[PDB]
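Take a look at this single chain in structure tokens; it is the form deposited in one PDB entry.
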């Protein structure tokens, strides 16, 4: 039920990477007319619910270094985060939670949550002193306790809006 407006300069492969699925399996499969990329038209992304049915909404502020979880347009919890360096920034715009994996370990800490930009996610950390700072390669980092909490709550498909 998740529908994605293919933007200009999207290829089929960059869309499949962003959403962590294959170019065939449904991408072409879910969308039959995929017979030439079409900027401004809409395709479905097979594994995910319609994100407007998920009453959760995550809002990231790069400047304030906060991630805020809302439920039905009321903020519920706000957490401190690390964000990307000035030369390796966290990207702005509209994303979704795609995937998760518990206890990846290393610099990814207690949890990974994929965002709908290839190679980007929200994750924990084994460098807790880094939270609150512009320090990362582009991912949003959280104290382990908070990412565990966030992952416990939000389903795949949840909207993540990132602003400066």
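Positions refer to the first chain, counted from 1. Definition used throughout: the rigid core is the maximal C-alpha set that superposes within 1.5 Å between two forms. Shifts are known only where both forms have a C-alpha.
The next section is about a form of this same protein that is not shown, the form deposited in another entry.
request  = Please look at 99, 30, 66, 70 and say which one has a C-alpha shift reaching 2 Å or more between the shown form and the other one, core superposed.
outcome  = Among the listed residues, the outlier is 30.
ask   = Hey, the CA atoms of residue 33 and residue 18 end up closer or farther in the other entry than in the shown form, with the change being 3 Å or more?
value = Closer in the other entry, by 3 Å or more.
query = Which is it in the other entry for the CA atoms of residue 154 and residue 27, closer or farther than here, knowing they shift by 3 Å or more?
reply = Those two alpha carbons end up farther apart in the other entry.
request  = After the core superposition, state the residue ranges of at least 3 consecutive residues in which each CA shifts by 2 Å or more between the shown form and the other one.
outcome  = 26 to 35 is the lone stretch that moves between the shown form and the other one.
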